[PDB]
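Cβ sites come from the backbone with ideal geometry, for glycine too, and all protein chains shown count toward neighbours. Just so it is clear, none of the values below were taken in a lab; they were calculated from the coordinates.
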Amino acid sequence: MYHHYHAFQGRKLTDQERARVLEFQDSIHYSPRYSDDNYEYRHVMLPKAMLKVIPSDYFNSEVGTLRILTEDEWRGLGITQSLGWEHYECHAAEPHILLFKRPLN
């Protein structure tokens with residue numbers, strides 16, 4: 001029997017990092033989705049306390065928000081959404097607030 005493989009895109013957490021970040025998995029808040037005629041949208045809120053254990057290379061050091069994250073990266077933080085959701089940066093938003101859009105088709 002065989003399975004298929006996926007190669008991680010982005011900077012994979014270490015085991016020690018993974019365990020820290022995943023301690024807060026159940027505190028993560030998922031907004032209901034809204035949409036317009038092109039896009040579906042959702043926001044995700046990390047507990048403020050989770051910020052202290054996210055590796056520093058995930059942050060935009062200039063501003064203090066998280067940097068644009070790849071699917072594999074945000075999913076590895078324990079953010080569980082379906083496929084195709086894309087992270088977009090907002091310098092003015094509080095660091096724990098992550099915004100996502102996906103095309104309808």
Long-range neighbours under 8 Å by Cβ, at least six apart or interchain, first residue within 20 Å of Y39 (Cα to Cα) within the stretch 86-105, second among the charged types (D, E, K, R) and loosely packed, with under 11 Cβ neighbours inside 10 Å: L104/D37
Please find, within the stretch 54-85, the residue that is surrounded by the fewest Cβ atoms within 10 Å (Cβ to Cβ) out of those that are of a type in the set (G, A, S) and closer than 22 Å to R33 by Cα. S82
Of everything in the stretch 40-65 that's among the aliphatic types (A, V, I, L, M) and not in a helix (DSSP H, G or I), which residue is nearest to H91 (Cα to Cα)? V63
Subset of the stretch 20-39 (residues that are assigned to a loop (DSSP other than H, G, I, E, B), touching a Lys or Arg at 6+ places or on another chain (Cβ under 9 Å) and surrounded by 10 or more Cβ atoms within 10 Å (Cβ to Cβ)): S31, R33
Residue that is nearest to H87 (Cα to Cα) [pool: residues in the stretch 25-50 that are in contact (Cβ under 8 Å) with a residue 24 or more places away in the chain and more than 13 Å from the chain's Cα centre (by Cα)]: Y41
Just to be sure I understand the filter: pairs with C-beta atoms under 9 Å, separated by 6 or more residues or on different chains, first member in the stretch 59-75 and over 18 Å from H43 (Cβ atoms), second member of a type in the set (A, V, I, L, M, F, W, C) and part of a helix (DSSP H, G or I). Which pairs pass? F59/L51
